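What follows is one structure encoded as structure tokens, with my remarks underneath.
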Amino acid sequence: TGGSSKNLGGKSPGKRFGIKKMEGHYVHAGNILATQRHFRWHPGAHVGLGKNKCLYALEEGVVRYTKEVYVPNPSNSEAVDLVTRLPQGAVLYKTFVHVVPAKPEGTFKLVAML
Amino acid sequence: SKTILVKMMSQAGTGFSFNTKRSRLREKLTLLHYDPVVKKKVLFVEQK
Amino acid sequence: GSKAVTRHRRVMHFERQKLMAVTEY
RNA sequence: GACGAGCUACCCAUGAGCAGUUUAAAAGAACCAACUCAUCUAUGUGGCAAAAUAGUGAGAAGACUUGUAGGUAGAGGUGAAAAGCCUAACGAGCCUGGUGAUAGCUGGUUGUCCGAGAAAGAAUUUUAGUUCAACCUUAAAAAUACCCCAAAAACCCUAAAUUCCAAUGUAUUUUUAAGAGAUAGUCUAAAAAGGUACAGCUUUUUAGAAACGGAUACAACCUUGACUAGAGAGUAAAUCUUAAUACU
RNA sequence: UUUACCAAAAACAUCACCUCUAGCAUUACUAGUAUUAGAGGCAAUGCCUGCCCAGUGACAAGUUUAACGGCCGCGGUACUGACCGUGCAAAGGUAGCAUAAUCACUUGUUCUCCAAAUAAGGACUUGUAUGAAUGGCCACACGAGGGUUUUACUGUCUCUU
RNA sequence: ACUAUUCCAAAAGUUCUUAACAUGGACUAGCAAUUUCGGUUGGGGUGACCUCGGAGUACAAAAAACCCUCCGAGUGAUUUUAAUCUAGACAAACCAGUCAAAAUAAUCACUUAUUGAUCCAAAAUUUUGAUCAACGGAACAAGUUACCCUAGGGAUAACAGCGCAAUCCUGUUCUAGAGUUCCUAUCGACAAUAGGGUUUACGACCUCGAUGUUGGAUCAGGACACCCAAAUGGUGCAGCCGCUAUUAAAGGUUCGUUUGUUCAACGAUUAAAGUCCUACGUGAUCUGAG
Ligand SMILES: [Mg+2]
Ligand SMILES: [Mg+2]
Ligand SMILES: [Mg+2]
Ligand SMILES: [Mg+2]
Ligand SMILES: [Mg+2]
Ligand SMILES: [Mg+2]
Ligand SMILES: [Mg+2]
Ligand SMILES: [Mg+2]
Ligand SMILES: [Mg+2]
Ligand SMILES: [Mg+2]
Ligand SMILES: [Mg+2]
Ligand SMILES: [Mg+2]
Ligand SMILES: [Mg+2]
Ligand SMILES: [Mg+2]
Ligand SMILES: [Mg+2]
Ligand SMILES: [Mg+2]
Ligand SMILES: [Mg+2]
Ligand SMILES: [Mg+2]
Ligand SMILES: [Mg+2]
Ligand SMILES: [Mg+2]
Ligand SMILES: [Mg+2]
Ligand SMILES: [Mg+2]
Ligand SMILES: [Mg+2]
Ligand SMILES: [Mg+2]
Ligand SMILES: [Mg+2]
Ligand SMILES: [Mg+2]
Ligand SMILES: [Mg+2]
Ligand SMILES: [Mg+2]
Ligand SMILES: [Mg+2]
Ligand SMILES: [Mg+2]
Ligand SMILES: [Mg+2]
Ligand SMILES: [Mg+2]
Ligand SMILES: [Mg+2]
Ligand SMILES: [Mg+2]
Ligand SMILES: [Mg+2]
Ligand SMILES: [Mg+2]
Ligand SMILES: [Mg+2]
Ligand SMILES: [Mg+2]
Ligand SMILES: [Mg+2]
Ligand SMILES: [Mg+2]
Ligand SMILES: [Mg+2]
Ligand SMILES: [Mg+2]
Ligand SMILES: [Mg+2]
Ligand SMILES: [Mg+2]
Ligand SMILES: [Mg+2]
Ligand SMILES: [Mg+2]
Ligand SMILES: [Mg+2]
Ligand SMILES: [Mg+2]
Ligand SMILES: [Mg+2]
Ligand SMILES: [Mg+2]
Ligand SMILES: [Mg+2]
Ligand SMILES: [Mg+2]
Ligand SMILES: [Mg+2]
Ligand SMILES: [Mg+2]
Ligand SMILES: [Mg+2]
Ligand SMILES: [Mg+2]
Ligand SMILES: [Mg+2]
Ligand SMILES: [Mg+2]
Ligand SMILES: [Mg+2]
Ligand SMILES: [Mg+2]
Ligand SMILES: [Mg+2]
Ligand SMILES: [Mg+2]
Ligand SMILES: [Mg+2]
Ligand SMILES: [Mg+2]
Ligand SMILES: [Mg+2]
Ligand SMILES: [Mg+2]
Ligand SMILES: [Mg+2]
């Protein structure tokens, strides 16, 4: 009996998208925080956005997650319109990641007393 | 249609770029690129 | 192995049958 | 690389047989012996015999049978092609070398007693195999390891639950140096697929198990984890029960 | 004539008929010389042997099938189709024979044969997968070949002694 | 290689030739050599697929199978030519993949997929080369074997057993309907619920250091879902035949023509010429037509 199943190429590995660090994790500058294919979490304070929508930590610190108000860039039109048609009482919210800096910025050392 | 690999030549020195071009030739290839030796912005000309 | 829903009435694991006989009305 | 045509295939020499009967006849004619074959049946099957015996059959002056002696030799010979025959196994002889050929494939692998102990993620002319990872064993160095309350992880609907962490209960875990085996699993509960809401069915994910005690019997279900002695004790799972009536 | 030791046949050979290839001397052929000698095909005899050089060959572009091999549609019309149209081919399967030692349907149809026959023989017959030297068709004479009937005979068997 | 062919050199001579030997390099054939004939697979063959990405399966960190269910890619379209060098990271068997601060001076097409490792080749100053698509890629190899051979496997088929019961097979439950009227004498659509384990399948669980496989012969053991004989209910049963249903397994259940045939047709009869199971009973009893 002809057993042809017409479907092809279901097979891909998973991309291991997801959250790499968790709230209250210590982080060094450069660590990737989470990696996603669509924006699930947006970059907050001290979190840089990679061209593939990676989130990495800019400072040395503690990673925090947050629900905050979303005010799209006036250059990006779709989001501008989505913001436009809302009923007059409602604001948009999203989830952000943050780094909270640990090390102080610097120190004043006494080099020489002349 | 096809894709042609073309080798660009800089005005000055031995700097050589390699890039791809279109069969239909939408935009003929002439570039402003970066030369390492003089550390400059250059005019690169399409060659073979 | 038999599916979660079946028509042949599906014999229960013994520990669960005891569980049944204990909780009767 | 030797040795084999004393069997058999075909030739070359040199010899030898063929009675009777019928027909003008030695005519690949009749009939029927010797002689040659091997049809059909039954015996026989470690036989009388590594192919026979008894009956019964075909041919029987011819492409006939048969004796002695030569010849052709294996990448070959010979063949009225059956891929036949070439010394009791010929789709390619036998022997001695190469030769302890080579077998991811079977089959075997020898004293005692103790420690610790494994179930399949990748690639692969790969799925009967290897080589990496993970687990693990033997040494070493160290510091935290499991457990883990808030807090936290998405946008329409979305259960059991995960991930991540102090306290706390414990002693485990990570690195370094050496190593292998293993990588052909079964069922039971749960979530799903495929099939017939079928399999002692197949395909993944999460758990369990493989008692000398129970379920008589029993691999996977249930009770228990472990040593050596006692003609002591307490317990565990478990022994199998349940039923059903009138209309005036 | 053959599978010594599971197959003697329808297989092979063979008279006959045809294709090729050869113009010549010391060891074969051959002490031969084209009416001869080598490679082969197909199997006497009788009647026959249709059309096809486009492919692959082979020969010395062209030529060849008694070389390897091939030898049709689709619809319209007097239930049928002599006719008709158009397409493709190198040609379009003819003479025969036919349910067959011929894919299947399939135990084709019908007659004869028996009390009864999926057997046997005779016919019809598109065999859509027969068919003419990979030979087609009839016929003597011959088979330890296969099948069918009859006579006769009997322990095959009724059914054993 | 050889046997032949054709040619060019060589060799001899002529001013272009080849008598027989005979070497170098070609050519064109015959005879002939050497080596292979990928893999997944609900046995193998035929069919289909082999890398890469989106969904589902896999519901909320990751991962996650099938010859699972569905859509895609082996590139286009531009302009703005999208640079060096180095912290820390994701991912990961490995190989490949990914982000990226500081320091110097690409976009749209669901956007995610648009791609091939070494070696070896060509190139210039530096780099380009594959339906290597069997897509971790052998520099280049197909058919057959019933003439077959070895090593293995019940890790895997054919026979038989077992599992399951789709199909098949016996019951009942429901009355629309047939039955002129009348559901249930005899039946009965659409449907419900139990069973049986012979069929064709489906699984691959025992056997491949052999469980010898169809039909007959002989001899039968068993079931009862009775074909006869024996008791009975109902009838659209007057009687004769009948048609249905209940109870009953001690005993029976023919001889022929054609087929290897069980089946089936057909002749002739019988009280009847049952349906089955037993390794489709029975080959260390027989027969091999198949
Ligand atoms: Mg997927
Ligand atoms: Mg995958
Ligand atoms: Mg290219
Ligand atoms: Mg001799
Ligand atoms: Mg001799
Ligand atoms: Mg005589
Ligand atoms: Mg004679
Ligand atoms: Mg006798
Ligand atoms: Mg005689
Ligand atoms: Mg005679
Ligand atoms: Mg002979
Ligand atoms: Mg032959
Ligand atoms: Mg043969
Ligand atoms: Mg011998
Ligand atoms: Mg060895
Ligand atoms: Mg390979
Ligand atoms: Mg292997
Ligand atoms: Mg912790
Ligand atoms: Mg297995
Ligand atoms: Mg393995
Ligand atoms: Mg069971
Ligand atoms: Mg497990
Ligand atoms: Mg016991
Ligand atoms: Mg103890
Ligand atoms: Mg003989
Ligand atoms: Mg013989
Ligand atoms: Mg014989
Ligand atoms: Mg003949
Ligand atoms: Mg002539
Ligand atoms: Mg003739
Ligand atoms: Mg002709
Ligand atoms: Mg005709
Ligand atoms: Mg026929
Ligand atoms: Mg024909
Ligand atoms: Mg011919
Ligand atoms: Mg023919
Ligand atoms: Mg004659
Ligand atoms: Mg004869
Ligand atoms: Mg005869
Ligand atoms: Mg060699
Ligand atoms: Mg293959
Ligand atoms: Mg295979
Ligand atoms: Mg298959
Ligand atoms: Mg199977
Ligand atoms: Mg195929
Ligand atoms: Mg910068
Ligand atoms: Mg290349
Ligand atoms: Mg491969
Ligand atoms: Mg591969
Ligand atoms: Mg890969
Ligand atoms: Mg044969
Ligand atoms: Mg063998
Ligand atoms: Mg098995
Ligand atoms: Mg059997
Ligand atoms: Mg079976
Ligand atoms: Mg058995
Ligand atoms: Mg059942
Ligand atoms: Mg089934
Ligand atoms: Mg299995
Ligand atoms: Mg076996
Ligand atoms: Mg044995
Ligand atoms: Mg009996
Ligand atoms: Mg009864
Ligand atoms: Mg009886
Ligand atoms: Mg039997
Ligand atoms: Mg039998
Ligand atoms: Mg027996």
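Sort out which residues of segment A:79-114 are of a type outside the set (A, V, I, L, M) and within 30 Å of A:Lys21 (Cβ to Cβ), and write them in order of number.
Within segment A:79-114, A:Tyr93, A:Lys94, A:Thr95, A:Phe96, A:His98, A:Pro101, A:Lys103, A:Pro104, A:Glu105, A:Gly106, A:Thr107 meet the criteria.
Mind listing just one residue for me: the one in chain C that is in a loop (DSSP other than H, G, I, E, B) and surrounded by 10 or more Cβ atoms within 10 Å (Cβ to Cβ) and, of those, farthest from RNA strand F (Cβ to nearest atom)?
My answer is C:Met12.
Cβ-Cβ distance below 9 Å, separation of 6 or more or different chains: which pairs start in segment B:1-23 with a residue that is within 14 Å of chain A (Cβ to nearest Cβ) and farther than 11 Å from B:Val45 by Cα and end on one that is of a type outside the set (S, T, N, Q) and surrounded by fewer than 11 Cβ atoms within 10 Å (Cβ to Cβ)?
none
Taking segment A:98-114, which residues are in a strand (DSSP E or B) and without any contact (Cβ under 8 Å) to a residue 60 or more places away in the chain?
Matches in segment A:98-114: A:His98, A:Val100, A:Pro101.
Where residues in segment A:45-101 are of a type in the set (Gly, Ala, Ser) and loosely packed, with under 13 Cβ neighbours inside 10 Å, which of them is nearest to ligand 2 (Cβ to nearest atom)?
Selected residue: A:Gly50.
How many residues, within segment B:1-29, are surrounded by fewer than 11 Cβ atoms within 10 Å (Cβ to Cβ) and part of a strand (DSSP E or B)?
Total satisfying the criteria: 4.
Report the residue count in segment A:71-97 for those that are assigned to a strand (DSSP E or B) and of a type in the set (A, V, I, L, M, F, W, C).
2
Readers should treat all values here as calculations from the given coordinates under stated rules, not as data from a laboratory. Heads up, the Cβs are rebuilt from the backbone with ideal geometry, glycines too, and the neighbour counts pull from every protein chain shown.
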